[PDB]
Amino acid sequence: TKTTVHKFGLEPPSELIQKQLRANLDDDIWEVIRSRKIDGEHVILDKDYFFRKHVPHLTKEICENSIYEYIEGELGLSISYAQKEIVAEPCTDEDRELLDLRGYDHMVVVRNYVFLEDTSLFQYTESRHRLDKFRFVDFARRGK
């Protein structure tokens, strides 16, 4: 199941990432945009954004592997909680260029905001799935 890095770069945030990542003008933000090919189709589009101030070093090779493992490796003990929001959205132009969308009109979009022990929003992920390629499992634990 191959992973392709489409965009990857370190720049100031766009206005959307200023809102999503609570970042300023003068914050250096890593942007990584990838697609996943679950043979033989490109079906998920993964967009990560996180502050360089906390993760100063990154490479194209780390993105073709796991950004999660890399990030946990560098500062997993400072990461406190994440908040997930899963909705469905119309496909966008970016979605149709990069994924094999067949006769699909919508996506399942998982958004995830990762915060540090000190309370700051440090990372933002937007994971866009074709409908047939989305499955989310969890608990859930009940009682007192």
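One rule holds for the numbers: they count along the sequence shown, beginning at 1.
When all modelled residues of the chain are sorted by CA temperature factor, residue 24 is found within the highest third. In the PDB entry, residue 6 places in the middle third of its chain by CA B-factor. When the modelled residues of the chain are ordered by C-alpha B-factor, residue 37 sits in the highest third.
Sorting the modelled residues of the chain by their CA temperature factor places residue 111 in the highest third. Ranked within its chain, residue 51 lands in the middle third, by CA B factor from the PDB record.
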